Amino acid sequence: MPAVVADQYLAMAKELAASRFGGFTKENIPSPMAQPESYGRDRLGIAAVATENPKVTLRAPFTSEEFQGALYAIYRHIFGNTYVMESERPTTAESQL
Amino acid sequence: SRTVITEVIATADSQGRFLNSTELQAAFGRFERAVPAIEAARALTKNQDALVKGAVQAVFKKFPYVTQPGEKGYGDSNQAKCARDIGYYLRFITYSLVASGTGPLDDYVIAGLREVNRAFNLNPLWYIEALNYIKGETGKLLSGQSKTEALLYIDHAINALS
Amino acid sequence: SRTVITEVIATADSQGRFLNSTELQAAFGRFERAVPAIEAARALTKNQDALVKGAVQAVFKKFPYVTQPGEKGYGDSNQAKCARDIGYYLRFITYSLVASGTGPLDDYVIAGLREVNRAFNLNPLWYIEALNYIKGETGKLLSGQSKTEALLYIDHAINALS
Amino acid sequence: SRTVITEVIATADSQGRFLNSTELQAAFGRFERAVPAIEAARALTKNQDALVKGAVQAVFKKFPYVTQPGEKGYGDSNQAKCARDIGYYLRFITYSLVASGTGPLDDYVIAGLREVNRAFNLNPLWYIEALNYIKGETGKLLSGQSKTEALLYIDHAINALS
Amino acid sequence: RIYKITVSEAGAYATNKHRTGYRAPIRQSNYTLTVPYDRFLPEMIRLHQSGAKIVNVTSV
Amino acid sequence: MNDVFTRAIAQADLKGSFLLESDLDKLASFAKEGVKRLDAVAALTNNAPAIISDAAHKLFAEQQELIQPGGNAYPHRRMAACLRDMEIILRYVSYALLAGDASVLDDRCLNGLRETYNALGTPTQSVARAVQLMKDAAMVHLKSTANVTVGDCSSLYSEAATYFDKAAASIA
Amino acid sequence: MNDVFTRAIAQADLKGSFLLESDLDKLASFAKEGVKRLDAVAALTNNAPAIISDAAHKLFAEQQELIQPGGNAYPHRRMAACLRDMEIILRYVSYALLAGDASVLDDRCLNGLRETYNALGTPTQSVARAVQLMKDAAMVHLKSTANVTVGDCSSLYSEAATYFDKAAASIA
Amino acid sequence: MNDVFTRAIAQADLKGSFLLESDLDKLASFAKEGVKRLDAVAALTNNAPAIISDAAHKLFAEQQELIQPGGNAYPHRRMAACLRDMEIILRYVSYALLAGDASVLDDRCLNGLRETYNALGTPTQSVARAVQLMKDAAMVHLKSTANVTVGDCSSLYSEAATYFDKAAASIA
Ligand SMILES: CCC1=C(C)/C(=C/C2=NC(=C\c3[nH]c(/C=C4\NC(=O)[C@H](C)[C@H]4CC)c(C)c3CCC(=O)O)/C(CCC(=O)O)=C2C)NC1=O
Ligand SMILES: CCC1=C(C)/C(=C/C2=NC(=C\c3[nH]c(/C=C4\NC(=O)[C@H](C)[C@H]4CC)c(C)c3CCC(=O)O)/C(CCC(=O)O)=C2C)NC1=O
Ligand SMILES: CCC1=C(C)/C(=C/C2=NC(=C\c3[nH]c(/C=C4\NC(=O)[C@H](C)[C@H]4CC)c(C)c3CCC(=O)O)/C(CCC(=O)O)=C2C)NC1=O
Ligand SMILES: CCC1=C(C)/C(=C/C2=NC(=C\c3[nH]c(/C=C4\NC(=O)[C@H](C)[C@H]4CC)c(C)c3CCC(=O)O)/C(CCC(=O)O)=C2C)NC1=O
Ligand SMILES: CCC1=C(C)/C(=C/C2=NC(=C\c3[nH]c(/C=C4\NC(=O)[C@H](C)[C@H]4CC)c(C)c3CCC(=O)O)/C(CCC(=O)O)=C2C)NC1=O
Ligand SMILES: CCC1=C(C)/C(=C/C2=NC(=C\c3[nH]c(/C=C4\NC(=O)[C@H](C)[C@H]4CC)c(C)c3CCC(=O)O)/C(CCC(=O)O)=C2C)NC1=O
Ligand SMILES: CCC1=C(C)/C(=C/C2=NC(=C\c3[nH]c(/C=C4\NC(=O)[C@H](C)[C@H]4CC)c(C)c3CCC(=O)O)/C(CCC(=O)O)=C2C)NC1=O
Ligand SMILES: CCC1=C(C)/C(=C/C2=NC(=C\c3[nH]c(/C=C4\NC(=O)[C@H](C)[C@H]4CC)c(C)c3CCC(=O)O)/C(CCC(=O)O)=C2C)NC1=O
Ligand SMILES: CCC1=C(C)/C(=C/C2=NC(=C\c3[nH]c(/C=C4\NC(=O)[C@H](C)[C@H]4CC)c(C)c3CCC(=O)O)/C(CCC(=O)O)=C2C)NC1=O
């Protein structure tokens with residue numbers, strides 16, 4: 001029997017079905033609701049504050065970078081997201097910290 | 001997801017600072033690792049079907065009681081779900097290899113895994129055995145650096161199952 | 001100090017988790033980049049005298065008023081202070097190169113730099129011109145990716161001053 | 001331990017006032033039908049050994065593969081450890097009965113149960129089956145509200161294992 | 001006045017942490033909390049409620 | 001959060017006089033049936049894993065788009081979230097059943113729940129369906145006459161039905 | 001927040017599919033141009049003070065009404081917030097340039113920026129002008145052949161331009 | 001924290017002198033063996049549950065006092081604490097192996113562990129024995145030449161032994 005389709009299209013079909021486990025079955029179809037795992041936090045814009053930014057923890061001994069990053073996170077949370085100027089920065093409180 | 005580039009960017013951002021030399025060297029390391037990781041992803045994608053069917057048979061061999069009726073692995077639907085699950089695991093391992101991070105595995109598999117396993121009484125030893133077969137086979141499908149990358153991610157999944 | 005290994009350990013530790021693929025990829029990138037970095041450290045260590053002398057002379061060329069009576073560059077004690085400070089900057093730059101990270105420059109120079117310079121009325125632009133001279137001379141001293149490593153560290157110092 | 005008397009006092013101290021009507025007579029609610037609980041504890045204590053042996057046999061019947069060589073069930077030592085674990089559960093059920101509170105269960109069994117079973121690869125379904133057997137046997141050994149009391153505590157442990 | 005309270009968490013605290021859980025990272029047993037006079041009583045009441053045992057209390 | 005007694009007391013206070021003899025008869029009858037009420041709350045508490053496993057299995061049988069790639073229960077994270085929500089809503093229904101009032105359920109559980117699901121992209125109709133299935137399994141367990149003295153408890157079954165139906169209606 | 005790799009992974013996951021051969025080829029091409037990407041990111045990072053300085057100089061030369069009494073950059077506090085905003089936008093542009101995806105901008109940098117500027121009464125056209133001037137100043141440092149290997153980095157130029165245009169278009 | 005590079009830098013900073021040629025040579029050698037170090041760290045990490053399981057099984061075979069009622073690890077919560085402590089000490093040993101300096105282990109954890117174990121009533125000898133058994137278990141995985149290029153890594157074995165033994169000395 002002569003070929004019914006060109007080999008390029010057979011290759012395309014084979015490699016489309018190769019990227020599925022089981023190829024194309026009724027049981028293994030993608031969900032019509034095409035939601036990624038990060039759909040909700042991405043559409044809400046809360047991905048950064050809810051999952052991505054780590055919880056900043058500071059213990060009794062620490063290096064310089066740990067201290068400075070802790071201070072940045074603290075000022076960006078406690079003072080809202082408002083710009084705190086250098087004249088407003090509390091020095092004695094962080095010396096005690 | 002939590003990959004090298006994304007960790008770099010997020011750690012720098014939460015500290016309100018640009019990307020420094022260390023962060024760029026991490027990115028450079030990721031870009032160098034891309035070659036063996038993507039070649040391993042190619043190898044595991046190409047051989048996905050024999051891998052998954054052999055893994056299901058390995059599970060049934062180490063856990064013979066499962067196929068008997070009245071328990072989890074009896075029936076075509078249950079075994080089809082088994083193959084689907086191991087296909088999911090392999091898929092997300094390939095995603096991790098491509099992304100050069102445990103991000104896809106953590107977001108899509110590791111998070112909430114234990115609660116789901118308890119809810120449906122799916123024994124983690126099943127999946128550990130399937131991943132062990134995948135490990136043995138990728139020992140024979142890959143070599144050198146790609147082998148090490150694939151093994152890293154497979155062991156990550158196994159360690160997070162146990 | 002903030003190094004690649006340091007960031008690896010800190011990030012993996014704060015989350016209470018063992019090291020994994022992304023973290024070891026960053027460490028691998030650091031160990032790979034080490035060779036140009038130590039090359040550059042050796043090159044800068046051999047030429048510290050000429051580099052510091054030229055940097056001081058470049059600062060005096062760019063800000064002639066500094067040397068006039070009543071200003072900061074008048075007196076041999078102040079000239080020695082200048083050369084001493086530029087030697088400190090160069091030494092910490094080589095430390096950053098060796099550690100493969102801006103940790104040494106951050107801890108020993110950048111932290112407290114603004115208030116110290118404000119207190120003693122030290123102009124940052126002086127140090128920026130000195131570091132620009134050193135940056136220019138690394139090109140005639142270094143070639144390849146070592147030049148790039150040295151330049152990122154020197155530009156980090158310059159940005160910290162600017 | 002989270003006893004109802006304990007919760008009386010804890011709520012009092014948290015709200016920082018004396019023991020009021022609700023709280024004293026909630027303690028009275030305990031003091032009323034403690035007698036069925038004490039009788040259930042006594043009945044469990046006398047028939048403890050037959051209960052433990054029967055529960056071990058029920059575990060072996062529902063999970064026959066376990067007894068086979070190469071896994072947890074094999075070995076007289078593991079048989080004995082099974083008996084000891086079922087004895088522990090029964091003892092803490094009796095403690096919760098006499099205390100009229102689940103606190104002995106939640107601190108001697110439930111707290112840290114999942115991590116321990118995961119680290120020692122102990123299937124919670126074994127203990128669930130043993131507890132179900134003990135539930136069936138307390139159904140026939142115990143009558144009246146006493147039985148009800150016992151059953152709840154047993155079921156509490158079951159709900160902890162799932 | 002200022003009061004330094006050296007508290008060493010004990011098994012009564014360990015059981016509470018085993019039930020409730022670590023929403024915050026695990027820390028060492030003994031440490032000192034520096035409080036004013038005004039906060040002193042609520043601080044002591046809270047440490048008692050959590051099960052923590054005070055090693056001692058000093059004034060300054 | 002108020003129970004049947006506090007509901008009666010609030011209604012009496014609004015008009016501003018004592019609880020009538022009919023009200024006190026109602027409340028005394030409630031307290032007399034409170035033993036059966038405790039049995040019902042125990043039935044819901046001991047069988048929560050069974051009820052929620054059954055409901056989840058039925059729900060992902062009827063609605064397969066939830067558990068397949070792209071679905072809102074696809075990865076383990078969202079599947080665990082789904083089962084967790086089932087646990088929570090069953091918990092608040094049992095609370096309300098013990099209280100004899102649905103104020104705890106409405107006030108603490110279902111008040112911003114539709115808004116949450118709408119913001120997250122969660123099918124509120126699927127959640128309502130899950131609550132209905134979970135009601136059916138719960139009603140199977142409530143009616144169980146083993147281990148418990150036999151007697152009429154139709155009022156309790158109807159009341160638990162209203163609590164689940166109110167949860168479903170509030171979500172959807 | 002995604003890079004190019006996690007974006008491809010999310011697409012393949014929505015399909016339920018392993019990544020295709022061609023997808024892996026495009027990803028390996030992205031990772032092979034990675035060193036040029038790193039040099040571009042370092043050019044943005046290292047010259048940021050110069051970029052913000054000359055952008056601000058041009059902007060306050062063009063729009064003098066911003067620095068007049070009653071303008072929006074008049075007191076030092078408003079001028080300082082202006083320079084902080086320019087600094088932040090440049091930082092997130094460099095983040096996006098390293099990631100290869102503009103997801104960081106809309107996830108983080110522009111998440112509520114327009115609402116912020118409308119609440120504050122900031123002229124968003126001036127912020128668009130500032131971002132455009134920062135693009136102009138950045139392109140000089142990106143194209144700088146000095147002290148890096150000579151090659152074609154025009155795709156990186158286009159990508160940085162698109163990121164700057166995205167920030168400007170979201171603000172205005 | 002501190003690494004071997006940072007240690008050398010700190011020492012050279014105390015004398016106020018550049019890094020001498022010999023120090024540069026030693027650090028370059030360390031960076032050369034850093035690949036083998038990464039392999040050793042991955043060997044410890046990838047088998048952490050197996051190391052903990054084998055060590056705990058061997059220990060509770062040795063010492064039945066802890067398991068039996070009244071022992072320091074009798075209930076499930078104290079067993080879980082035991083396993084978590086062994087987990088943490090393995091994690092810190094692996095961190096120190098990656099760094100090459102035990103600072104990561106010495107400052108955060110070991111300084112307070114003596115006081116914690118003394119207050120809680122744990123037998124420090126048993127904890128030290130657990131760490132030693134853990135070292136013996138992890139040595140087997142560090143020896144394994146399967147899946148890794150065969151070479152000489154006795155320096156890594158010696159350094160890991162140093163970490164484990166001096167951790168135990170901190171507990172012991
Ligand atoms: C996600 C990263 C991020 C961004 C982007 C950000 C922008 C930002 N800019 C702000 C204020 C501001 N932003 C500006 C800048 C504008 N006004 C001038 O006309 C210029 C044309 C223009 C800048 C080029 C000014 C002047 C203010 C102060 C407004 C005021 O105090 O009245 C504020 C309010 C903070 C406060 O005042 O306490 C935010 C949140 N914040 C962030 O955390
Ligand atoms: C909700 C809190 C609460 C209250 C208010 C309370 C009162 C109370 N006390 C009782 C018996 C009693 N109560 C007392 C105590 C008194 N004897 C002496 O005169 C002393 C003044 C005092 C000892 C401190 C005694 C001796 C009995 C009888 C003992 C028995 O029941 O056999 C009874 C049982 C009588 C009945 O119901 O038919 C009640 C209800 N019980 C409670 O649980
Ligand atoms: C006081 C609360 C408490 C409980 C409940 C408890 C259970 C318990 N049983 C254990 C051993 C064991 N337990 C079993 C139980 C199995 N044997 C088979 O016949 C059955 C299918 C099954 C029992 C139903 C086995 C096989 C072991 C030895 C294997 C191992 O170490 O994991 C272990 C590991 C350490 C040891 O005890 O030696 C624990 C923690 N331990 C406690 O301190
Ligand atoms: C994204 C990653 C992901 C994974 C991995 C995943 C696994 C997974 N498999 C499931 C079903 C299942 N999976 C299995 C697997 C078993 N079949 C037996 O032949 C084997 C011994 C064994 C596998 C090795 C079985 C039996 C079920 C049916 C359990 C039931 O009755 O609900 C379920 C319950 C939902 C459903 O009914 O489909 C989940 C969540 N889900 C996910 O979203
Ligand atoms: C630990 C908390 C607690 C429980 C569990 C409890 C159960 C309880 N159920 C009782 C009777 C009863 N229990 C029920 C309830 C059943 N009728 C139908 O079978 C239904 C399936 C089911 C309830 C929906 C009925 C109808 C009675 C008989 C009426 C009565 O004596 O109050 C009694 C009275 C003694 C007896 O007649 O046996 C108790 C104490 N009491 C408590 O304080
Ligand atoms: C309400 C409080 C307030 C103050 C104080 C203020 C000062 C101020 N002066 C500026 C410009 C300037 N100001 C000077 C002042 C210099 N000219 C020389 O004759 C002197 C040696 C020296 C002054 C003693 C110069 C040279 C510039 C231009 C700097 C530049 O464009 O880079 C700028 C930058 C923006 C602009 O171009 O206008 C500010 C913010 N602005 C304010 O809103
Ligand atoms: C520490 C952080 C770090 C950086 C910064 C880094 C940059 C870096 N740039 C490189 C070359 C290069 N750099 C550039 C970029 C420049 N070419 C010019 O035309 C443009 C103005 C400009 C951007 C388009 C180009 C085009 C190459 C050569 C392409 C290639 O290496 O394959 C190389 C390879 C050198 C070689 O193999 O010959 C590296 C490693 N690597 C790092 O680990
Ligand atoms: C920085 C790292 C770090 C360490 C090292 C650490 C040790 C530590 N171990 C603890 C408890 C414990 N640790 C153990 C373990 C011992 N019991 C014996 O059987 C074993 C041989 C041995 C384990 C090797 C036990 C049993 C407890 C519980 C003590 C009790 O409840 O009485 C506690 C009390 C806090 C709690 O249990 O929630 C701490 C702080 N904490 C930390 O944050
Ligand atoms: C992402 C994390 C990562 C890993 C895991 C990694 C492993 C790694 N192992 C290697 C070979 C090697 N691996 C080892 C270590 C083994 N040899 C002995 O059998 C020991 C038992 C054992 C150490 C525990 C050794 C000694 C070499 C030879 C490299 C050399 O010293 O020349 C190499 C260099 C060979 C090449 O790529 O050309 C790498 C990069 N690289 C990475 O970037």
Side-chain angles (χ1 to χ4, degrees), chain B residues 4 29-30 32-33 35-37 100 144-149 151-153 155, chain C residues 19-32, chain D residues 4 19-33 36-37 100 143-153 155-156, chain F residues 31-46 97-98 139-157 159-160, chain H residues 32-46 97-98 139 141-157 160:
Chain B
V4 185
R30 187 260 170 282
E32 300 327 290
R33 295 321 270 149
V35 177
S100 296
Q145 205 74 340
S146 302
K147 176 160 179 269
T148 47
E149 294 293 328
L151 296 186
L152 280 195
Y153 289 103
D155 306 293
Chain C
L19 299 171
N20 64 4
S21 68
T22 176
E23 292 288 6
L24 303 196
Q25 283 195 30
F28 163 82
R30 194 232 81 91
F31 283 121
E32 282 274 290
Chain D
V4 65
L19 291 155
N20 62 326
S21 57
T22 63
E23 172 165 87
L24 313 163
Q25 285 141 338
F28 181 76
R30 193 215 83 100
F31 286 121
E32 181 149 30
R33 63 166 147 117
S100 189
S143 314
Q145 275 284 63
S146 61
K147 168 185 44 59
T148 294
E149 283 296 308
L151 289 182
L152 269 72
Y153 287 111
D155 291 331
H156 180 75
Chain F
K32 184 162 41 53
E33 302 323 309
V35 176
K36 296 144 46 170
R37 179 162 310 254
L38 295 181
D39 276 304
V41 188
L44 293 176
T45 187
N46 319 288
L97 184 69
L98 172 75
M139 212 63 52
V140 165
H141 281 296
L142 286 168
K143 297 197 185 184
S144 178
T145 196
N147 295 324
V148 177
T149 299
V150 180
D152 190 2
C153 297
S154 43
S155 296
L156 272 168
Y157 303 153
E159 185 175 278
Chain H
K32 196 44 82 203
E33 281 98 24
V35 167
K36 311 154 40 174
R37 191 163 304 270
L38 283 180
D39 289 270
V41 166
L44 292 174
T45 286
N46 282 348
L97 188 57
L98 165 67
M139 255 303 281
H141 296 276
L142 275 184
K143 293 301 320 163
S144 176
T145 55
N147 299 327
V148 295
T149 301
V150 176
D152 194 17
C153 295
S154 44
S155 290
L156 291 174
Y157 306 144

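In what follows, chains are A, B, ... by sequence order, proteins preceding strands, each numbered from 1. Indexing begins at 1, ligand by ligand and atom by atom, following the structure's order.
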Proximal protein residues to ligand 5, non-hydrogen atoms under 4.0 angstrom
D:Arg33, D:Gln145, D:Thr148, D:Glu149, D:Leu152, F:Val35, F:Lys36, F:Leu38, F:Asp39, F:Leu142, F:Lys143, F:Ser144, F:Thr145, F:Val148, F:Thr149, F:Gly151, F:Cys153, F:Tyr157
First locate atom CG of H:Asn46, then atom CG of H:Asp39, and finally report the distance between them rounded to the nearest 0.5 Å.
10.5 Å
Taken to the nearest 0.5 Å, the spacing of F:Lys36 NZ from F:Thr149 OG1 works out to 11.5 Å
Between the side chains of [X] and [Y], does any donor sit under 3.5 Å from an acceptor?
{"X": "C:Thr22", "Y": "C:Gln25", "result": "no"}
{"X": "B:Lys147", "Y": "H:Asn147", "result": "yes"}
{"X": "B:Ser100", "Y": "B:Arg30", "result": "yes"}

Near C:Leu24, which atoms of ligand 9 are under 4.0 Å from a heavy atom of that residue?
2 (C)
Can you check whether F:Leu97 reaches F:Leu44 side chain to side chain, under 4.5 Å on heavy atoms?
yes
Would you check if C:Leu24 and C:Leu19 make a side-chain contact, meaning some heavy-atom pair closer than 4.5 Å?
yes
Can you sort out which atoms of ligand 2 are near D:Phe28, meaning under 4.0 Å from one of its heavy atoms?
43 (O)
Which atoms of ligand 2 are found less than 4.0 Å from any heavy atom of D:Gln25?
1 (C), 2 (C), 5 (C)
